[PDB]
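What follows is one structure encoded as structure tokens, with my remarks underneath.
The analysis underlying the following values was restricted to heavy atoms, covering all of them including side chains, and did not include hydrogens, waters or symmetry mates. The chains referred to below are lettered A, B, ... by the order of the sequence lines, with proteins before strands, and numbering in each begins at 1.
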Number of protein chains: 2
Amino acid sequence: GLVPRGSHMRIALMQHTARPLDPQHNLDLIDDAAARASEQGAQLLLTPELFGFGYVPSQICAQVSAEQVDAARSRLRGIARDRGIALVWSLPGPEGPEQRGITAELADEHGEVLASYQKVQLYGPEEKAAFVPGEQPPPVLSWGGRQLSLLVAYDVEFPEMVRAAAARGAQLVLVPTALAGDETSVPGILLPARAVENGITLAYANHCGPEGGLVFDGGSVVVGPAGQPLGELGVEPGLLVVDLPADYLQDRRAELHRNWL
Amino acid sequence: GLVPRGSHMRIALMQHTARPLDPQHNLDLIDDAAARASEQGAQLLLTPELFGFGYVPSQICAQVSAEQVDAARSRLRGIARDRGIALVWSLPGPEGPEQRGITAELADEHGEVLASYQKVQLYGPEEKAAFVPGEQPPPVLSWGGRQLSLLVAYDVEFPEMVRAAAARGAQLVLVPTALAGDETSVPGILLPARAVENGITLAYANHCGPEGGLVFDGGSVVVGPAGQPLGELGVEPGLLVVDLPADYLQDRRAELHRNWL
Ligand SMILES: [Cl-]
Ligand SMILES: [Cl-]
């Protein structure tokens, strides 16, 4: 409903089912969600991992060209601009099929790409056969009056990855994902801790339903710094819209910790 | 009841209220618990942080001598031997009042000290006024057919500390604590994640009730590798007895993580 007193940031998460290797269909879904989110006064939409081509790592490696990726990227940039909403998407990276990773990018409501990130923690042998892991820490940047960061899927299950973002100043960590197999412990146990242990908010935007041989969990959720869900979805397609309102980060003995991992 | 098929390790946690600066009283309580635990077929008893002198950091620094600490330590070693149970305790360290930290030690059922550890992550200004922080990673050792480790209180709230133990092979992490102020998120949110994110079991033995100006939470708990409580206490004194039955540790990119904390 109306924008509340004490909140100047409203975000949206898109949860849906992608069709493998059908970017027109899947990008039309992101466009629809971008329009709906903007109508509802959201200033940013987060969408799921690899949504544009579907979560089909081996098929992306075998069949999706770098020109096809760039064409998708250009369409997404255009969605951000034309729907007047900041947009986080996740595509293969821009290099050739043998050299690219899984990425997330944030465009602002003018369509400018503010940040780009390559997934550091690849999940399972199919991802590691299809993609090159990232080697750079998560980006952190000002938008909308806070410091935003990006991570992708499996990354968030590693406390080190979230801590890397929070150490750079992140307040709001945005995470495209693709989580199947009724893995309740990720949103149920790990995300709340990542929020509490850093004092941050995290947004986690999943696929749902039958896609590419898997049944995705849905369960998209925004978790606040107390570890509580600010909003959550179930297993069906939906558009989650949320208004956002111990000193672990200082106390940690990072110079010892770094020697002990 | 009877020792179950498929479990060859039964542990006990002591939850109680200590009297500040009364080691005879508090060590008599640990002796009583050691006896009871052994009667119930437990092979190890875990007891809470600083229990022997009470959780009174400033008063420990002002009033408790190194000879008084050693006298307590010797009594505890004797409890382990005479009650025929492995024992984890937590005392000030052995150095002078200005030079020592908060420690945890494991004695076996013969009274041999197998491992010693000094709290790395001190909590709050009173602890940091009264104690020197530890500089060494958590120890890990074979006992009872598994790899055990020690951490103390606030340490476990840092994912880095638990990961440091798990990286050395820990399977069972034993944590004396002193948690007051209705801090539900520690046992409710953080401990389950520490277990899941490493694939380990954690045991967390708290004070309870009025002690030294604080009201301790109780809530002692053993959490298994799925993040579920294997046993838990409420807010009253008690003796918790539990039978114990993604490849994050391999997948983590530790050589990058270490540069990003
Ligand atoms: Cl960092
Ligand atoms: Cl280590």
Answer with yes or no whether the side chains of B:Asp155 and B:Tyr123 bring together a donor and an acceptor at under 3.5 Å.
no
Is it true that the side chains of B:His16 and B:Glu236 contain a donor and an acceptor less than 3.5 Å apart?
no
Tell me whether the count of non-hydrogen atoms from other residues, nucleotides or ligands lying under 6.0 Å of CD in B:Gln24 goes above 12.
no
Side-chain donor-acceptor pair under 3.5 Å between B:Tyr248 and A:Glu157, yes or no?
yes
A:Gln171 CD to A:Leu202 CG distance, which is reported to the nearest 0.5 Å:
12.0 Å
Residues B:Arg36 and B:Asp31 bridged, charged N to O under 4.0 Å
no
Would you kindly say whether A:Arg258 and B:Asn259 are connected by a side-chain donor-acceptor distance under 3.5 Å?
no
From CZ (A:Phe158) to CG (B:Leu256), nearest 0.5 Å
12.0 Å
Please report, to 0.1 Å, the donor-acceptor pairs under 3.5 Å made by any side chain of residues 1-9 of chain B, with sequence neighbours excluded.
from	atom 1	to	atom 2	distance (Å)
B:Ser7	OG	B:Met9	O	3.4
B:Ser7	OG	B:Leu244	O	2.6

Quick one, B:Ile11 and B:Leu46 - any side-chain contact, counting heavy atoms below 4.5 Å?
no
Between B:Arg77 and B:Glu105, is the closest basic N to carboxylate O distance under 4.0 Å?
no
Is the number of heavy atoms from other residues, nucleotides or ligands within 6.0 Å of CZ (B:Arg168) greater than 12?
yes
Minimum heavy-atom separation for A:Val223 and A:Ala195, please, with both atom names.
CG1-CB, 3.9 Å
Exactly one of B:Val140, B:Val88, B:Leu106 clears side-chain contact (heavy atoms from CB on, under 4.5 Å) with B:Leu148, and that residue is B:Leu106
Closest contact, heavy atoms only, B:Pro176 versus B:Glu49:
CB-N, 3.6 Å
